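Report on the structure given below.
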Number of protein chains: 18
Amino acid sequence: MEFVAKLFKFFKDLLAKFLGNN
Amino acid sequence: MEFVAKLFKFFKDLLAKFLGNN
Amino acid sequence: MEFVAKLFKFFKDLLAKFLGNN
Amino acid sequence: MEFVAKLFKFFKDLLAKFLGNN
Amino acid sequence: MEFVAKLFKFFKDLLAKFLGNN
Amino acid sequence: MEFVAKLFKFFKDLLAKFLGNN
Amino acid sequence: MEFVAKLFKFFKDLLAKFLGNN
Amino acid sequence: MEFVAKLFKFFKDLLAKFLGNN
Amino acid sequence: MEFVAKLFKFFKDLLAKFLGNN
Amino acid sequence: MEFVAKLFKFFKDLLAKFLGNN
Amino acid sequence: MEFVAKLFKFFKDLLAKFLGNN
Amino acid sequence: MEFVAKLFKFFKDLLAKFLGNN
Amino acid sequence: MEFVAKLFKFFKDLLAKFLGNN
Amino acid sequence: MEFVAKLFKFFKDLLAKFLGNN
Amino acid sequence: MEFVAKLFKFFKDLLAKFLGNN
Amino acid sequence: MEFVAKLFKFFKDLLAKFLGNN
Amino acid sequence: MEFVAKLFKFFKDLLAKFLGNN
Amino acid sequence: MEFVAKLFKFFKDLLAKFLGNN
Ligand SMILES: [Cl-]
Ligand SMILES: [Cl-]
Ligand SMILES: [Cl-]
Ligand SMILES: [Cl-]
Ligand SMILES: [Cl-]
Ligand SMILES: [Cl-]
Ligand SMILES: [Cl-]
Ligand SMILES: [Cl-]
Ligand SMILES: [Cl-]
Ligand SMILES: [Cl-]
Ligand SMILES: [Cl-]
Ligand SMILES: [Cl-]
Ligand SMILES: [Cl-]
Ligand SMILES: [Cl-]
Ligand SMILES: [Cl-]
Ligand SMILES: [Cl-]
Ligand SMILES: [Cl-]
Ligand SMILES: [Cl-]
Ligand code: NA
Ligand code: NA
Ligand code: NA
Ligand code: NA
Ligand code: NA
Ligand code: NA
Ligand code: NA
Ligand code: NA
Ligand code: NA
Ligand code: NA
Ligand code: NA
Ligand code: NA
Ligand code: NA
Ligand code: NA
Ligand code: NA
Ligand code: NA
Ligand code: NA
Ligand code: NA
Ligand code: NA
Ligand code: NA
Ligand code: NA
Ligand code: NA
Ligand code: NA
Ligand code: NA
Ligand code: NA
Ligand code: NA
Ligand code: NA
Ligand code: NA
Ligand code: NA
Ligand code: NA
Ligand code: NA
Ligand code: NA
Ligand code: NA
Ligand code: NA
Ligand code: NA
Ligand code: NA
C-alpha cells in the first residue's frame, strides 16, 4: 500500500477505536 | 483507480461512516 | 467514460445520496 | 451522440429527476 | 435562486472550467 | 451555506488543487 | 467548526504536507 | 516492519493498555 | 483540545520528527 | 532485539509490575 | 499533565536521547 | 548477559525483595 | 516525585552513567 | 564470579541475615 | 532518605568506587 | 580462599557468635 | 548511625584498607 | 564503645600491626 494511503488508513482506524466501525 | 478518483472516494466513504450508505 | 462525463456523474450521484434516485 | 446533444440530454434528464418523465 | 437554476448553473460553471467562458 | 453546496464546493476545490483555478 | 469539516480538513492538510499547498 | 510503523504501533498499543482493545 | 485531536496531533508531530515540518 | 526496543520493553514491563498486564 | 501524556512524553524523550531532538 | 542488563536486573531484583514479584 | 517516576528516573540516570547525558 | 558481583552479593547476603530471604 | 533509596544509593556508590563518578 | 574474603568471613563469623546464624 | 549502615560501613572501610579510597 | 565494635576494632588493630595503617 502506498504511503499516503497507509497514513490515511492509520488515522481512520484510530478514529474507529473511539467511534466504531460505523 | 486514478488518483483524483481515489481521493474523492476516500472523502465520500468517510462521510458515509457518519451519514450512512444512503 | 470521458472526463467531463465522469465528473458530472460524480456530482449527480452525490446529490442522489441526499435526494434519492428519483 | 454529438456533444451538443449529449449536453442538452444531460440537462433535460436532470430536470426530469425533479419534475418526472412527463 | 431557485434550486433547479442553482443546479443547472453549477454544471454549466463546471463545464466552463474546462472549456472556457465562451 | 447549505450542506449540499458545502459538499459540492469541497470536491470542486479539491479538484482545483490538482488542475488549477481554471 | 463542525466535526465532519474538521475531519475533512485534517486529511486535506495531511495530504498537503506531502504534495504542497497547490 | 518499517521503523515509523513500529513506533506508531508501540504508542497505540500503550494507549490500549489503558483504554482497551476497543 | 479534545482527546481525538490531541491524539491525532501526537502522531502527526511524531511523524514530523522523521520527515520534517513540510 | 534492537537496543531501543529492549529499553522501551524494560520500562513498559517495569510499569506492569505496578499496574498489571492490563 | 495527565498520565497517558506523561507516559508518551517519557518514551518520546527516551527515543530522543538516541536519535536527537530532530 | 550484557553489563547494563545485569545491573538493571540487580536493582529490579533488589526492589522485589521489598515489594514482591508482582 | 511520585514513585513510578522516581523509579524510571533512577534507571534512566543509571544508563546515563554508561552512555552519557546525550 | 566477577569481583563486583561477589561484592554486591556479600552485602545483599549480609542484609538478608537481618531482614530474611524475602 | 527512604530505605529503598538508601540501599540503591549504597550499591550505586559502591560501583562508582570501581568505575568512577562517570 | 582469597585474603579479603577470608577477612570478611572472619568478621561475619565473629558477629554470628553474638547474634546467631540468622 | 543505624546498625545495618554501621556494619556495611565497616566492611566497605575494611576493603578500602586494601584497595584505597578510590 | 559497644562490645561488638570494641572486638572488631581489636582485630583490625591487630592486623594493622602486621600490615600497617594502610
Ligand atoms: Cl492502520
Ligand atoms: Cl476509500
Ligand atoms: Cl460516480
Ligand atoms: Cl444524460
Ligand atoms: Cl455555481
Ligand atoms: Cl471547500
Ligand atoms: Cl487540520
Ligand atoms: Cl508494540
Ligand atoms: Cl503532540
Ligand atoms: Cl524487560
Ligand atoms: Cl519525560
Ligand atoms: Cl540479580
Ligand atoms: Cl535518580
Ligand atoms: Cl556472599
Ligand atoms: Cl551510600
Ligand atoms: Cl572465619
Ligand atoms: Cl567503620
Ligand atoms: Cl583495640
Ligand atoms: Na493501525
Ligand atoms: Na481497518
Ligand atoms: Na477509505
Ligand atoms: Na465504498
Ligand atoms: Na461516485
Ligand atoms: Na449512478
Ligand atoms: Na445523465
Ligand atoms: Na433519458
Ligand atoms: Na459553483
Ligand atoms: Na458563472
Ligand atoms: Na475545502
Ligand atoms: Na474556492
Ligand atoms: Na491538522
Ligand atoms: Na490548512
Ligand atoms: Na510494544
Ligand atoms: Na497490538
Ligand atoms: Na507530542
Ligand atoms: Na506541532
Ligand atoms: Na526486564
Ligand atoms: Na513482558
Ligand atoms: Na523523562
Ligand atoms: Na522533552
Ligand atoms: Na542479584
Ligand atoms: Na529475578
Ligand atoms: Na539516582
Ligand atoms: Na538526572
Ligand atoms: Na558471604
Ligand atoms: Na545467598
Ligand atoms: Na555508602
Ligand atoms: Na554519592
Ligand atoms: Na574464624
Ligand atoms: Na561460618
Ligand atoms: Na571501622
Ligand atoms: Na570511611
Ligand atoms: Na587493642
Ligand atoms: Na586504631
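Here, A, B, ... name the chains of the C-alpha cells in the order displayed, residue numbers run from 1 inside each chain, and ligands are numbered from 1 in the same displayed order.
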**Message:** Show me, as a PyMOL selection string, the residues that have an atom within 8 Å of residue 21 (chain H) when counting only C-alpha atoms, minus same-chain residues fewer than 4 positions from it.
**Reply:** (chain A and resi 17) or (chain H and resi 16-17)
Please produce a file of the residues just selected, as a tab-separated table (two decimals), in the first residue's frame, where the atoms kept are N, CA and C atoms.
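Written out: again.tsv:
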chain	number	residue	atom	x	y	z
A	17	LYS	N	-11.39	3.34	16.68
A	17	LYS	CA	-11.25	2.77	18.04
A	17	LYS	C	-12.10	3.54	19.04
H	16	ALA	N	-3.75	1.32	24.43
H	16	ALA	CA	-4.68	0.20	24.65
H	16	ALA	C	-4.54	-0.46	25.99
H	17	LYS	N	-3.37	-0.37	26.62
H	17	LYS	CA	-3.23	-0.94	27.98
H	17	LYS	C	-4.09	-0.16	28.99
**Request:** Go through the chains and note each residue within 7 Å of ligand 4, using only C-alpha atoms and all ligand atoms, then give the set as a list in words.
**Result:**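 Counting only what the definition allows, namely only C-alpha atoms and all ligand atoms, the set is residues 6, 9, 10 and 13 of chain D.
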I need the residues from that last selection saved to file as an mmCIF file, in the first residue's frame (with C-alpha atoms), if you can.
data_model
loop_
_atom_site.group_PDB
_atom_site.id
_atom_site.type_symbol
_atom_site.label_atom_id
_atom_site.label_comp_id
_atom_site.auth_asym_id
_atom_site.auth_seq_id
_atom_site.Cartn_x
_atom_site.Cartn_y
_atom_site.Cartn_z
ATOM 1 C CA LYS D 6 -25.218 14.941 -25.052
ATOM 2 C CA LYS D 9 -29.814 15.489 -22.846
ATOM 3 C CA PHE D 10 -27.941 15.826 -19.575
ATOM 4 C CA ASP D 13 -32.610 14.333 -17.768
#
**Asked** Which of chain Q counts as alpha helix (DSSP H) under DSSP, as a ChimeraX atom specification please?
**Response** /Q:3-19
How would the residues just picked look written out with N, CA, C and O atoms as a short mmCIF file (atom, residue, chain, number, x, y, z; two decimals), in the first residue's frame?
data_model
loop_
_atom_site.label_atom_id
_atom_site.label_comp_id
_atom_site.auth_asym_id
_atom_site.auth_seq_id
_atom_site.Cartn_x
_atom_site.Cartn_y
_atom_site.Cartn_z
N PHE Q 3 22.21 0.22 62.75
CA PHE Q 3 23.15 -0.88 62.82
C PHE Q 3 23.56 -1.41 61.45
O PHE Q 3 24.74 -1.71 61.24
N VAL Q 4 22.61 -1.57 60.53
CA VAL Q 4 22.97 -2.16 59.23
C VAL Q 4 23.94 -1.22 58.50
O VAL Q 4 24.89 -1.66 57.88
N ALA Q 5 23.73 0.08 58.59
CA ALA Q 5 24.64 1.06 57.99
C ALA Q 5 26.03 1.00 58.63
O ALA Q 5 27.03 1.08 57.90
N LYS Q 6 26.11 0.85 59.95
CA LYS Q 6 27.39 0.72 60.66
C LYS Q 6 28.13 -0.49 60.15
O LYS Q 6 29.35 -0.44 59.94
N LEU Q 7 27.40 -1.59 59.94
CA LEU Q 7 28.03 -2.83 59.56
C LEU Q 7 28.49 -2.77 58.07
O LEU Q 7 29.58 -3.20 57.75
N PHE Q 8 27.67 -2.20 57.19
CA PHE Q 8 28.06 -2.01 55.79
C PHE Q 8 29.30 -1.12 55.72
O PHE Q 8 30.21 -1.40 54.97
N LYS Q 9 29.30 -0.02 56.48
CA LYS Q 9 30.45 0.88 56.55
C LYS Q 9 31.71 0.18 57.01
O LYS Q 9 32.79 0.44 56.49
N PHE Q 10 31.60 -0.68 58.02
CA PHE Q 10 32.77 -1.40 58.48
C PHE Q 10 33.42 -2.21 57.35
O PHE Q 10 34.65 -2.17 57.16
N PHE Q 11 32.63 -2.93 56.57
CA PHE Q 11 33.20 -3.77 55.52
C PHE Q 11 33.71 -2.95 54.34
O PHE Q 11 34.76 -3.25 53.81
N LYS Q 12 33.04 -1.86 54.02
CA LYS Q 12 33.50 -1.01 52.94
C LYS Q 12 34.83 -0.36 53.34
O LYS Q 12 35.75 -0.30 52.54
N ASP Q 13 34.94 0.09 54.59
CA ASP Q 13 36.18 0.68 55.10
C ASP Q 13 37.29 -0.34 55.15
O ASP Q 13 38.41 0.01 54.86
N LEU Q 14 36.97 -1.60 55.52
CA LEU Q 14 37.97 -2.65 55.55
C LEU Q 14 38.50 -2.89 54.14
O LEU Q 14 39.71 -3.00 53.95
N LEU Q 15 37.62 -2.97 53.16
CA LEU Q 15 38.05 -3.16 51.78
C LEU Q 15 38.94 -2.01 51.32
O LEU Q 15 39.96 -2.23 50.63
N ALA Q 16 38.63 -0.78 51.73
CA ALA Q 16 39.46 0.38 51.39
C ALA Q 16 40.85 0.33 51.95
O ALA Q 16 41.75 0.95 51.39
N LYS Q 17 41.08 -0.40 53.04
CA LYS Q 17 42.45 -0.54 53.56
C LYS Q 17 43.33 -1.32 52.58
O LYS Q 17 44.57 -1.16 52.57
N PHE Q 18 42.71 -2.15 51.74
CA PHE Q 18 43.40 -2.92 50.74
C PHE Q 18 43.42 -2.27 49.37
O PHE Q 18 44.46 -2.27 48.74
N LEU Q 19 42.31 -1.65 48.96
CA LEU Q 19 42.16 -1.16 47.59
C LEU Q 19 42.21 0.35 47.44
O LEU Q 19 42.26 0.86 46.33
#
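Going from CA of residue 22 (chain G) over to CA of residue 2 (chain B), you cover 18.7 Å.
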**Request:** Quote the spacing between atom 1 (Na, counted along the ligand's line) of ligand 47 and CA of residue 20 (chain Q) in Å to one decimal place.
**Result:**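 Going from atom 1 (Na, counted along the ligand's line) of ligand 47 over to CA of residue 20 (chain Q), I get 14.7 Å.
Between CA of residue 1 (chain E) and atom 1 (Cl, counted along the ligand's line) of ligand 5 lies a distance of 10.9 Å.
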